[PDB]
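Report on the following structure.
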Amino acid sequence: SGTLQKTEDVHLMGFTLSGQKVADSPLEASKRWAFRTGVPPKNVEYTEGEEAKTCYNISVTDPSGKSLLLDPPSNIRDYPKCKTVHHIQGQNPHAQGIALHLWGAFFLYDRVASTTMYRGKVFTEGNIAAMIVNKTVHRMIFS
Amino acid sequence: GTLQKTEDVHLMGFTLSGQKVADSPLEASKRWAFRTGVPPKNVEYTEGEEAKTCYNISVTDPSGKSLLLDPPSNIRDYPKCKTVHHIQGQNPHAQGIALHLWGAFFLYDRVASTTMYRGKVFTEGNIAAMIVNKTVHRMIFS
Amino acid sequence: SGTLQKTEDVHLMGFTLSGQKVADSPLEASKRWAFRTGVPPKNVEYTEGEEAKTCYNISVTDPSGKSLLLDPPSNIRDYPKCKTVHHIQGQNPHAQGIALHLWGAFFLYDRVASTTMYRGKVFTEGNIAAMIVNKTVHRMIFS
Amino acid sequence: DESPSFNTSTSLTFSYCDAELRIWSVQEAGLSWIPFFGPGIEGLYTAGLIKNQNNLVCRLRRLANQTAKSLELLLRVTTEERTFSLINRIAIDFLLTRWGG
Amino acid sequence: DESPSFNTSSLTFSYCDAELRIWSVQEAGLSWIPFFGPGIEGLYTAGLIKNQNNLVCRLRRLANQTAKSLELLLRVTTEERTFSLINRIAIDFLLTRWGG
Amino acid sequence: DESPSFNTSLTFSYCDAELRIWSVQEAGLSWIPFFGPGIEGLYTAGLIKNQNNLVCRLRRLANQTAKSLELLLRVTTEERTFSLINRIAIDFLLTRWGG
Amino acid sequence: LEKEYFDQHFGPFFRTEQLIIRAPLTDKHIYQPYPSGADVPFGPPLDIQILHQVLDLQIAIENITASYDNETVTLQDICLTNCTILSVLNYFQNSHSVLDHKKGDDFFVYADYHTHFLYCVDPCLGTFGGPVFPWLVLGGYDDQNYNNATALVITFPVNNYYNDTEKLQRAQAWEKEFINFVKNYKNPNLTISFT
Amino acid sequence: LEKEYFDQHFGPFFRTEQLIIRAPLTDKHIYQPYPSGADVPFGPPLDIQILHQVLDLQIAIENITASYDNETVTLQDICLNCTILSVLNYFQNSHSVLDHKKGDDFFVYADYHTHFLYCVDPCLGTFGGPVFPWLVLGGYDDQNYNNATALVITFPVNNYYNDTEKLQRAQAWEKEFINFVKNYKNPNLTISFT
Amino acid sequence: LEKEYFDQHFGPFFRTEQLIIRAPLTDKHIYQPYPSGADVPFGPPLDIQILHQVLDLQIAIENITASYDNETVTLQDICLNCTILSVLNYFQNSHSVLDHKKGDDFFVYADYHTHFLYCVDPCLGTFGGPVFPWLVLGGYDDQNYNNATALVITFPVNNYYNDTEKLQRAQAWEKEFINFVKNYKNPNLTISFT
Ligand SMILES: *[C@@H]1O[C@H](CO)[C@@H](O[C@@H]2O[C@H](CO)[C@@H](O[C@@H]3O[C@H](CO[C@H]4O[C@H](CO)[C@@H](O)[C@H](O)[C@@H]4O)[C@@H](O)[C@H](O[C@H]4O[C@H](CO)[C@@H](O)[C@H](O)[C@@H]4O)[C@@H]3O)[C@H](O)[C@H]2NC(C)=O)[C@H](O)[C@H]1NC(C)=O
Ligand SMILES: *[C@@H]1O[C@H](CO)[C@@H](O[C@@H]2O[C@H](CO)[C@@H](O[C@@H]3O[C@H](CO[C@H]4O[C@H](CO)[C@@H](O)[C@H](O)[C@@H]4O)[C@@H](O)[C@H](O[C@H]4O[C@H](CO)[C@@H](O)[C@H](O)[C@@H]4O)[C@@H]3O)[C@H](O)[C@H]2NC(C)=O)[C@H](O)[C@H]1NC(C)=O
Ligand SMILES: *[C@@H]1O[C@H](CO)[C@@H](O[C@@H]2O[C@H](CO)[C@@H](O[C@@H]3O[C@H](CO[C@H]4O[C@H](CO)[C@@H](O)[C@H](O)[C@@H]4O)[C@@H](O)[C@H](O[C@H]4O[C@H](CO)[C@@H](O)[C@H](O)[C@@H]4O)[C@@H]3O)[C@H](O)[C@H]2NC(C)=O)[C@H](O)[C@H]1NC(C)=O
Ligand SMILES: *[C@@H]1O[C@H](CO)[C@@H](O[C@@H]2O[C@H](CO)[C@@H](O[C@@H]3O[C@H](CO[C@H]4O[C@H](CO)[C@@H](O)[C@H](O)[C@@H]4O)[C@@H](O)[C@H](O[C@H]4O[C@H](CO)[C@@H](O)[C@H](O)[C@@H]4O)[C@@H]3O)[C@H](O)[C@H]2NC(C)=O)[C@H](O)[C@H]1NC(C)=O
Ligand SMILES: *[C@@H]1O[C@H](CO)[C@@H](O[C@@H]2O[C@H](CO)[C@@H](O[C@@H]3O[C@H](CO[C@H]4O[C@H](CO)[C@@H](O)[C@H](O)[C@@H]4O)[C@@H](O)[C@H](O[C@H]4O[C@H](CO)[C@@H](O)[C@H](O)[C@@H]4O)[C@@H]3O)[C@H](O)[C@H]2NC(C)=O)[C@H](O)[C@H]1NC(C)=O
Ligand SMILES: *[C@@H]1O[C@H](CO)[C@@H](O[C@@H]2O[C@H](CO)[C@@H](O[C@@H]3O[C@H](CO[C@H]4O[C@H](CO)[C@@H](O)[C@H](O)[C@@H]4O)[C@@H](O)[C@H](O[C@H]4O[C@H](CO)[C@@H](O)[C@H](O)[C@@H]4O)[C@@H]3O)[C@H](O)[C@H]2NC(C)=O)[C@H](O)[C@H]1NC(C)=O
Ligand SMILES: *[C@@H]1O[C@H](CO)[C@@H](O[C@@H]2O[C@H](CO)[C@@H](O[C@@H]3O[C@H](CO)[C@@H](O)[C@H](O)[C@@H]3O)[C@H](O)[C@H]2NC(C)=O)[C@H](O)[C@H]1NC(C)=O
Ligand SMILES: *[C@@H]1O[C@H](CO)[C@@H](O[C@@H]2O[C@H](CO)[C@@H](O[C@@H]3O[C@H](CO)[C@@H](O)[C@H](O)[C@@H]3O)[C@H](O)[C@H]2NC(C)=O)[C@H](O)[C@H]1NC(C)=O
Ligand SMILES: *[C@@H]1O[C@H](CO)[C@@H](O[C@@H]2O[C@H](CO)[C@@H](O[C@@H]3O[C@H](CO)[C@@H](O)[C@H](O)[C@@H]3O)[C@H](O)[C@H]2NC(C)=O)[C@H](O)[C@H]1NC(C)=O
């Protein structure tokens, strides 16, 4: 309850989809994504998080060649730690708009999670979680 | 420790010039350096001290490009300066973004910066967060 | 007194001048604006509100041809509902800086209002009013 | 800027002209949260019926243009330009002026 | 977006794999200067969260609980830059704490 | 980011004697942007008297703030202007519960 | 390997008509496999739309028949029932569904126009029971690569009817309007001509 | 066209002085009507800045007089205010009318075309004689009469062949003009004779 | 003065070899003084990592010794500490002096201000022979030799016409040098003859 002392006591990790045993293979992970036009892209900032077992570096292009993923903001960087990086490549001939997820999972990037996919750089699936811990509790749980 | 309205708090910028810290054009470029790997950051402030010494330094690489960051439209020149020093220098081997060694901030128009912005006036100083209401303010301001 | 439960309970509705019996006719609706240099342009976000009887799509240009109004940020969109979209094309030779309102009224756009006016797209004159409602009182009156 | 508490009687009790008020509002079906199955950017607006049964619209229009007296001063001071949401500030100023000791 | 509070005393909570390998922002004496800092590459520190009393398991389930409301929250905002919910949670926490 | 609270012979609670500064100006139609002073004319000059040793302890707080604010700016990911006015307000309320 | 096969299996046996198809306004086409693979660029006359444009040419042939005597003669009657069609389209059995037989989820098309085209450079067997080759149809290719051309060659093998003149007149008057039709064809994207 | 229409005026009726004023570096100017309409483009010599220096040029032309012997030299006594064929004569050669912006702030409803082709708010020449919009716009395209690129100025002066009193006046009228045209300093205007 | 100092090296006893080297791929180099002043630009071959390579190779000229006859003979005993007339001798042909970054952090106060333009830390030659700085630099406008793009290396070699005993040591000294320059592996600087 009333355990908030100072602003950065609150933490935001994005737990990856591998926990629920959701297939992160280079064949089934593309089944949870789709396209839509008419919605705005949005960003959300998170402090720390789990490193993913498998990460994706996908640059989808239209038949013309332009990357359907949005231009990354300057504060958007590569994902810190990944055991496996999958360079899945391919095209979508009919879809339009911006890339969106189906299940509701966010695309996790360097300390900023997003509702869309950015141009040609490493990300992972996940959902960010909010909680309140101080340094005494966090010390005995961090390691 | 009282606070009633959000606009009570001020972020004053106190300059190194009044701290008898050498602001001469020979002893002022010794407190700056460069690094590659850190991101530029900005912090706003409400009001600031008058500056005895100001600098309008434009440091360029041997090709000619200025190593200083491109200023946003938000950042403007320092309002009032007693003296403006137009020092010019070049980095033979240094690269990255300009940083400060003592921990002081490059002060601009109501938004202080950790880094250095091109060809435009700044002063060195820190930011002091402090709370004053209206009655105490007129008792102190002039 | 005044109560407040969660942050989104506050809403800022922009009430327009059209329902306030202020002359919106195009002959005398352009005398409440002017120009000035040295005043920064600023934006302000609002949640909902009234849409006026009339709306304006004005493309003010200098004698050279350049639009005198600011380029709209990506945050700014067209005003959604307008019963009449009045289209006036005005030109002046002695402008300075950015467009400003005489009465202090704001130019209303899609959920973001501004102290200035933007380039060639629909707005309305109005003023922003902030207030607090919970779920049950708003649903009683909004219906 | 000032803001009244537009709350219920416990009539329509108030706190610190045209009767017709046509508004557009953002709504406050199982798969509505995911943006792929959402409305979009042009179809989240809902029409509204407002009754001016307690001298209701008339004062808010008078209050809207007293707000521009002080909101324009605040925007001039701040150095940021793109967007300045006061939704946080009104919440903090509500708390700052409530816990007065 | 619900927010629990894991605090000791009893490792109880308030308001799934055991291998939780995370990275965090690190928390002589000259390091606070940006010139003598560690950089953004080396800022990340390795860590390991143990699930001794259902701590990971109660947090993985929370992940898709927060995906419902957070998606609606980002829909309303017209600002497409990075949005800090850090103040949002703190302000909301103060508002909902005061009762009666 | 420790902040003193000036009050009242000034009572303080968390060198050069002279202190001249500039400040944002504190009139019928002047609040209208068209009838404003402008960017250049907004600044007002003034002096601060080092009355109750008030200047000297203000300047020694300068290096204490730079220790903490560098770390704060390193964690945040946004390169745009960072307004600490809200954070100091929330931190003041959060830490007020002790006393 | 250029004229050897055409002079031994479809030589002076069937009187066929050869026309070339050009797509000037269409831009370049590239393909990359869904598994991490090599960018294989294709020619102008193929993409995701003009595929349907050349798909509608043959289906608009049998419906309109030349007014000859009191009988109705289509392409089915003049051939040797499924007929012999040599094009890219016989790789899809000259049907709409196979040409747009998209396989994949909502984010990738794993296999859209290479289940039948690039797989044999769902079987790609021809509709007339004969062998198919990727080089008989694609003209303008460079070196040994067959799928790196810029034009499509469509031919319609028609029996010579030397020993039976009763069916020769059926095979003689149908394309008298068609040769007038190709020069008067309403086509804003595809351009066809002789050689 | 001007050669065919002024061919009948070449007889012993009046003598006209033709000069051409052209704007080298002034950018292309357009005017759009206040309510709505098509953007009608004007000629280079039709921008707020230019044409006023011509009004100043015309003022300097008319006010300077060349004294001859002990007699009084005035333009008013010899001119047929006077007979001026220009655009500025629609404004009566006055600075107030040329900048008579009948409009509110933000944008003016009408400032220049409200005296040129508005009601042809004065719409008549300052002398009262006939005047057409295609007599001053040189280079127009067919039926526009206002889509030209250069200005022409015409001073119809009496021949004074039978008037010995004003013969010297007519002789000395243009003596200062023929060297005033090539000593006046102007980096955005050219004056040409025929 | 001009031809006054040149008479002591055109003598028959000295057979001097001249080679001119430049850096074509290098871009423009500008320098500005520490307080303020004109941004005086340097030549393309006057930059960092382009004079080091010249300094690296000139040390290797005497460092590498060819096995001639059955004894080892150095250039020092046959040349007449051999005298070097170039721009490299202004830095005493040393790596530390040529990159003597005197100054501080942020920007360096001086790198070549106290070495090259000082004659325009020691600046004169250390071998006891003064040399005019305009001889090493060619292809320059007017008198300003500090605004050129060419480098000249001068190696004084005795003719030894009357001394056949020491002639063979110096006669074959440059025979490998002319073989070296055509076989020299380098990506930036090109050796030219006259
Ligand atoms: C919170 O955590 C839970 C538990 O892990 C997750 O719950 C999953 O929710 C998703 C929602 O999309 C479920 O997936 C959907 O299931 C439906 C059934 O589809 C097939 O599923 C079974 C088993 O896979 C098959 O045997 C059978 O053929 C069903 O047809 C459908 O609604 C969805 O499929 C739709 O899309 C596909 C296109 O890709 C097409 O088949 C059709 O269009 C179809 O309508 C979809 O598959 C999933 O089953 C849930 N899992 C569990 C274990 O319950 C949440 O996702 C998680 N929340 C997050 C991450 O935000
Ligand atoms: C909230 O809303 C109400 C209703 O809108 C406001 O009341 C209006 O306040 C504005 C403030 O600017 C008033 O506008 C000004 O009123 C004056 C009118 O005087 C003129 O009267 C006649 C008009 O024909 C003439 O004799 C002569 O023009 C007088 O000047 C003038 O001060 C202003 O005239 C200006 O007009 C335009 C700009 O508007 C300029 O071009 C002119 O040069 C001139 O400066 C101006 O019109 C308005 O009249 C008020 N209306 C009413 C009904 O009272 C409240 O102020 C506000 N409530 C609050 C804040 O509590
Ligand atoms: C707030 O607190 C800060 C400190 O936290 C004070 O600010 C200054 O802090 C700096 C940085 O620590 C101090 O300067 C350093 O002092 C040392 C001096 O060593 C010299 O020792 C002798 C001369 O006494 C000589 O051998 C030689 O000159 C040595 O340098 C050194 O640690 C540092 O020297 C630096 O020199 C160059 C810089 O270009 C580098 O190459 C070196 O490696 C080295 O870093 C440095 O000079 C300084 O002393 C502090 N000032 C004071 C007055 O104590 C603030 O003063 C304090 N107050 C306020 C109001 O802000
Ligand atoms: C007629 O001729 C040939 C085919 O017969 C066509 O040439 C092909 O064109 C492509 C594109 O130019 C050739 O290049 C290949 O491109 C890829 C580049 O890899 C990067 O691609 C983008 C770059 O932005 C990144 O996003 C991406 O992550 C990759 O890093 C790769 O697919 C190829 O590299 C590999 O190629 C083969 C793999 O089998 C290996 O041998 C190589 O070592 C290397 O690993 C490659 O560079 C391609 O090679 C050509 N295909 C061939 C020869 O079969 C002509 O374009 C075509 N002409 C016309 C007009 O269509
Ligand atoms: C000599 O000859 C003629 C005059 O006789 C001149 O031609 C005029 O030139 C303009 C273009 O410079 C013609 O075109 C008009 O341009 C406008 C374009 O509409 C949009 O323009 C921009 C687009 O970004 C917007 O800012 C603007 O608001 C408009 O949305 C419009 O003004 C006109 O469109 C109208 O066209 C006809 C007009 O009746 C209507 O049917 C349409 O619905 C529409 O309203 C128009 O297209 C203009 O027409 C010409 N004027 C005429 C014919 O009188 C030559 O330029 C001139 N030559 C020189 C060298 O000066
Ligand atoms: C061969 O030599 C010629 C002739 O010298 C070189 O060309 C010029 O070289 C001169 C120096 O000899 C340079 O002139 C100097 O340039 C500076 C002006 O540049 C500023 O321009 C603006 C200022 O508004 C800003 O972008 C920025 O501040 C630039 O620095 C000044 O340093 C000098 O003028 C000032 O200094 C003198 C010093 O006495 C004082 O009178 C005043 O303060 C004065 O304002 C000076 O004008 C010039 O830049 C060179 N031109 C070019 C085009 O590069 C050749 O380059 C060289 N040839 C080769 C092949 O390298
Ligand atoms: C994820 O995939 C993308 C796309 O292939 C990779 O981006 C590539 O990154 C490399 C460097 O790692 C870039 O090379 C560099 O590019 C520029 C010139 O283009 C320049 O800085 C260097 O000379 C160098 O060549 C490469 O261009 C870039 N490719 C594209 C298409 O943008 C990215 O690295 C991958 N991520 C990981 C973690 O592997
Ligand atoms: C500090 O030094 C810098 C660098 O010299 C100065 O900034 C530069 O100022 C000049 C002169 O105002 C600007 O030149 C401009 O060029 C064009 C015409 O050529 C036109 O836009 C202006 O009239 C102006 O002359 C130049 O753009 C500007 N550079 C930058 C990067 O801003 C600066 O003025 C100096 N500060 C002070 C206080 O003197
Ligand atoms: C308000 O007036 C403005 C003009 O002042 C209108 O903006 C115009 O919007 C149309 C589309 O509705 C634009 O046409 C598009 O332009 C480009 C180039 O051709 C391209 O994206 C499309 O093919 C299409 O043609 C038009 O350019 C644009 N005009 C300007 C000057 O930007 C706006 O639609 C009006 N609002 C209304 C009618 O509600």
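Residues are named by chain letter and number: chains run A, B, ... in the order of the structure tokens, numbers start at 1 in each chain, and ligands are numbered from 1 in the order shown.
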Item checked: Test item: residues at most 12 Å from residue B:34, only C-alpha atoms, excluding those fewer than 4 positions along its chain, as number ranges by chain -> B: 29-30, 38, 59, 67-68, 91-101, 115-116; E: 34-36; I: 105-107
Excluding residue D:60 and residues on its chain fewer than 3 positions from it, collect all residues at most 10 Å away from it, counting only C-alpha atoms, and give them as a PDB file with N, CA, C and O atoms, in the first residue's frame.
```pdb
ATOM      1  N   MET C  13     -12.858  21.197 -21.825  1.00  0.00           N
ATOM      2  CA  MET C  13     -13.696  21.430 -22.994  1.00  0.00           C
ATOM      3  C   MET C  13     -13.495  22.848 -23.509  1.00  0.00           C
ATOM      4  O   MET C  13     -13.497  23.807 -22.732  1.00  0.00           O
ATOM      5  N   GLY C  14     -13.318  22.969 -24.822  1.00  0.00           N
ATOM      6  CA  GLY C  14     -13.171  24.262 -25.457  1.00  0.00           C
ATOM      7  C   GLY C  14     -14.482  24.800 -25.989  1.00  0.00           C
ATOM      8  O   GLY C  14     -14.950  24.378 -27.050  1.00  0.00           O
ATOM      9  N   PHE C  15     -15.086  25.731 -25.259  1.00  0.00           N
ATOM     10  CA  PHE C  15     -16.355  26.315 -25.665  1.00  0.00           C
ATOM     11  C   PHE C  15     -16.115  27.394 -26.714  1.00  0.00           C
ATOM     12  O   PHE C  15     -15.338  28.327 -26.491  1.00  0.00           O
ATOM     13  N   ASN C 127     -12.295  29.009 -26.219  1.00  0.00           N
ATOM     14  CA  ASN C 127     -11.531  29.109 -24.987  1.00  0.00           C
ATOM     15  C   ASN C 127     -11.675  27.814 -24.201  1.00  0.00           C
ATOM     16  O   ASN C 127     -12.735  27.185 -24.203  1.00  0.00           O
ATOM     17  N   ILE C 128     -10.604  27.430 -23.518  1.00  0.00           N
ATOM     18  CA  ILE C 128     -10.543  26.150 -22.824  1.00  0.00           C
ATOM     19  C   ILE C 128     -10.996  26.335 -21.384  1.00  0.00           C
ATOM     20  O   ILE C 128     -10.530  27.241 -20.684  1.00  0.00           O
ATOM     21  N   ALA C 129     -11.909  25.474 -20.940  1.00  0.00           N
ATOM     22  CA  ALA C 129     -12.378  25.447 -19.562  1.00  0.00           C
ATOM     23  C   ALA C 129     -12.065  24.086 -18.960  1.00  0.00           C
ATOM     24  O   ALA C 129     -12.412  23.054 -19.541  1.00  0.00           O
ATOM     25  N   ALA C 130     -11.413  24.085 -17.802  1.00  0.00           N
ATOM     26  CA  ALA C 130     -11.046  22.858 -17.109  1.00  0.00           C
ATOM     27  C   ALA C 130     -11.991  22.616 -15.940  1.00  0.00           C
ATOM     28  O   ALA C 130     -12.421  23.562 -15.276  1.00  0.00           O
ATOM     29  N   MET C 131     -12.309  21.347 -15.695  1.00  0.00           N
ATOM     30  CA  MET C 131     -13.278  20.976 -14.670  1.00  0.00           C
ATOM     31  C   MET C 131     -13.109  19.502 -14.327  1.00  0.00           C
ATOM     32  O   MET C 131     -12.370  18.769 -14.987  1.00  0.00           O
TER      33      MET C 131
ATOM     34  N   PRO D   4     -13.538  24.635 -11.790  1.00  0.00           N
ATOM     35  CA  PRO D   4     -14.570  24.246 -10.828  1.00  0.00           C
ATOM     36  C   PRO D   4     -14.760  22.738 -10.758  1.00  0.00           C
ATOM     37  O   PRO D   4     -14.480  21.996 -11.701  1.00  0.00           O
ATOM     38  N   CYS D  17     -25.585  33.603 -24.427  1.00  0.00           N
ATOM     39  CA  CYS D  17     -25.585  32.190 -24.069  1.00  0.00           C
ATOM     40  C   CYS D  17     -26.564  31.397 -24.925  1.00  0.00           C
ATOM     41  O   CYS D  17     -27.631  31.893 -25.287  1.00  0.00           O
ATOM     42  N   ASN D  55     -28.660  26.266 -15.047  1.00  0.00           N
ATOM     43  CA  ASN D  55     -27.882  27.409 -15.529  1.00  0.00           C
ATOM     44  C   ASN D  55     -26.438  26.983 -15.807  1.00  0.00           C
ATOM     45  O   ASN D  55     -25.478  27.445 -15.187  1.00  0.00           O
ATOM     46  N   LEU D  56     -26.319  26.075 -16.770  1.00  0.00           N
ATOM     47  CA  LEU D  56     -25.168  25.192 -16.862  1.00  0.00           C
ATOM     48  C   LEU D  56     -24.162  25.614 -17.920  1.00  0.00           C
ATOM     49  O   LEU D  56     -22.984  25.817 -17.610  1.00  0.00           O
ATOM     50  N   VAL D  57     -24.596  25.745 -19.172  1.00  0.00           N
ATOM     51  CA  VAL D  57     -23.682  26.121 -20.244  1.00  0.00           C
ATOM     52  C   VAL D  57     -23.272  27.583 -20.109  1.00  0.00           C
ATOM     53  O   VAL D  57     -22.138  27.955 -20.433  1.00  0.00           O
ATOM     54  N   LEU D  63     -16.773  31.337 -18.012  1.00  0.00           N
ATOM     55  CA  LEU D  63     -15.574  30.855 -17.336  1.00  0.00           C
ATOM     56  C   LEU D  63     -14.461  30.495 -18.313  1.00  0.00           C
ATOM     57  O   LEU D  63     -13.284  30.651 -17.970  1.00  0.00           O
ATOM     58  N   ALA D  64     -14.802  30.042 -19.521  1.00  0.00           N
ATOM     59  CA  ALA D  64     -13.779  29.673 -20.495  1.00  0.00           C
ATOM     60  C   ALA D  64     -12.916  30.877 -20.872  1.00  0.00           C
ATOM     61  O   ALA D  64     -11.695  30.757 -21.016  1.00  0.00           O
ATOM     62  N   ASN D  65     -13.528  32.052 -21.024  1.00  0.00           N
ATOM     63  CA  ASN D  65     -12.759  33.221 -21.448  1.00  0.00           C
ATOM     64  C   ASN D  65     -12.238  34.065 -20.287  1.00  0.00           C
ATOM     65  O   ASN D  65     -11.604  35.097 -20.524  1.00  0.00           O
ATOM     66  N   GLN D  66     -12.488  33.654 -19.042  1.00  0.00           N
ATOM     67  CA  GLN D  66     -11.654  34.123 -17.940  1.00  0.00           C
ATOM     68  C   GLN D  66     -10.379  33.294 -17.819  1.00  0.00           C
ATOM     69  O   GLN D  66      -9.390  33.755 -17.235  1.00  0.00           O
TER      70      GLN D  66
END
```
Margin query: With only C-alpha atoms as the counted atoms, please give the residues lying no more than 12 Å from stretch 42-47 of chain F, apart from itself and same-chain residues fewer than 5 positions off, as JSON, numbers by chain.
Written below: {"B": [46, 47, 48, 49, 50, 78, 79, 80, 109, 110, 137, 138, 139, 140, 141, 142], "C": [38, 39], "D": [73, 76, 77], "F": [17, 18, 19, 20, 21, 22, 23, 24, 25, 26, 30, 36, 37, 55]}
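If you count only C-alpha atoms and ignore residues fewer than 6 places along the chain from stretch 145-148 of chain G, what sits within 12 Å of it is residues 1, 2, 28, 29, 30, 31, 39, 40, 41, 42, 43, 44, 45, 46, 88, 114, 117, 118, 119, 120, 121, 133, 134, 135, 136, 137, 138 and 139 of chain G.
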Hey, which residues sit close to ligand 3? Say within 8 Å, counting only C-alpha atoms and all ligand atoms, and write them as a compact mmCIF listing (two decimals) with N, CA, C and O atoms, in the first residue's frame.
```txt
# COMPACT_ATOMS: atom_id res chain seq x y z
N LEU B 16 30.25 30.29 -12.26
CA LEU B 16 31.60 30.11 -11.73
C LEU B 16 32.38 31.41 -11.64
O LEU B 16 33.41 31.44 -10.96
N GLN B 19 32.71 32.77 -8.14
CA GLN B 19 33.36 31.84 -7.23
C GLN B 19 34.89 31.96 -7.29
O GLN B 19 35.59 31.01 -6.94
N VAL B 21 36.66 31.51 -9.60
CA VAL B 21 37.17 30.48 -10.50
C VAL B 21 37.59 31.14 -11.80
O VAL B 21 36.84 31.94 -12.37
N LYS B 30 40.57 24.64 -20.04
CA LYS B 30 41.18 23.51 -19.36
C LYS B 30 40.16 22.64 -18.62
O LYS B 30 40.53 21.56 -18.14
N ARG B 31 38.91 23.09 -18.51
CA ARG B 31 37.89 22.37 -17.75
C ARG B 31 36.89 21.66 -18.65
O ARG B 31 35.84 21.23 -18.16
N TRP B 32 37.18 21.53 -19.94
CA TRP B 32 36.29 20.90 -20.89
C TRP B 32 37.05 19.81 -21.63
O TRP B 32 38.28 19.85 -21.72
N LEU B 101 34.36 18.80 -17.01
CA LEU B 101 35.06 17.96 -16.03
C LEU B 101 34.62 18.21 -14.60
O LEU B 101 34.43 17.26 -13.84
N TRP B 102 34.45 19.47 -14.20
CA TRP B 102 34.15 19.77 -12.81
C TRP B 102 32.73 19.38 -12.41
O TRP B 102 32.42 19.40 -11.21
N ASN B 126 26.10 25.96 -12.19
CA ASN B 126 25.25 24.88 -11.73
C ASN B 126 23.83 25.39 -11.52
O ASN B 126 23.55 26.58 -11.65
N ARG F 59 25.47 29.40 -3.11
CA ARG F 59 26.47 29.02 -4.10
C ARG F 59 27.21 27.74 -3.73
O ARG F 59 27.74 27.07 -4.63
N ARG F 60 27.28 27.39 -2.45
CA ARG F 60 27.90 26.12 -2.07
C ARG F 60 26.98 24.93 -2.33
O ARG F 60 27.46 23.80 -2.38
N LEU F 61 25.68 25.17 -2.49
CA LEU F 61 24.75 24.14 -2.92
C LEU F 61 24.94 23.76 -4.38
O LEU F 61 24.46 22.70 -4.80
N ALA F 62 25.66 24.58 -5.14
CA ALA F 62 25.79 24.37 -6.58
C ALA F 62 26.49 23.05 -6.90
O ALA F 62 26.02 22.28 -7.76
N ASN F 63 27.61 22.75 -6.23
CA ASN F 63 28.31 21.51 -6.54
C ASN F 63 27.59 20.29 -5.97
O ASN F 63 27.75 19.18 -6.49
N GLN F 64 26.80 20.48 -4.91
CA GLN F 64 26.04 19.36 -4.36
C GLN F 64 24.93 18.92 -5.30
O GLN F 64 24.58 17.74 -5.33
N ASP I 104 46.22 21.66 -23.60
CA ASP I 104 45.36 21.21 -22.52
C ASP I 104 44.24 20.37 -23.12
O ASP I 104 44.33 19.94 -24.28
N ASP I 105 43.18 20.14 -22.35
CA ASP I 105 42.03 19.41 -22.84
C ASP I 105 41.14 20.33 -23.69
O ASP I 105 41.50 21.47 -24.00
```
Notebook entry, point to check: Computed after least-squares fitting of chain H to chain I on all C-alpha atoms in order, what is the RMSD in Å?
Noted result: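 C-alpha RMSD, chain H fitted to chain I: 2.2 Å.
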Next item on the list: Define the interface residues of chain A facing chain C as those within 12 Å, counting only C-alpha atoms, and report them as a count of residues only.
Entry: 3
Margin query: Let me see if you get this right: every residue at most 6 Å from ligand 5, counting only C-alpha atoms and all ligand atoms, written as a PyMOL selection string.
Written below: chain H and resi 37-42+144+147
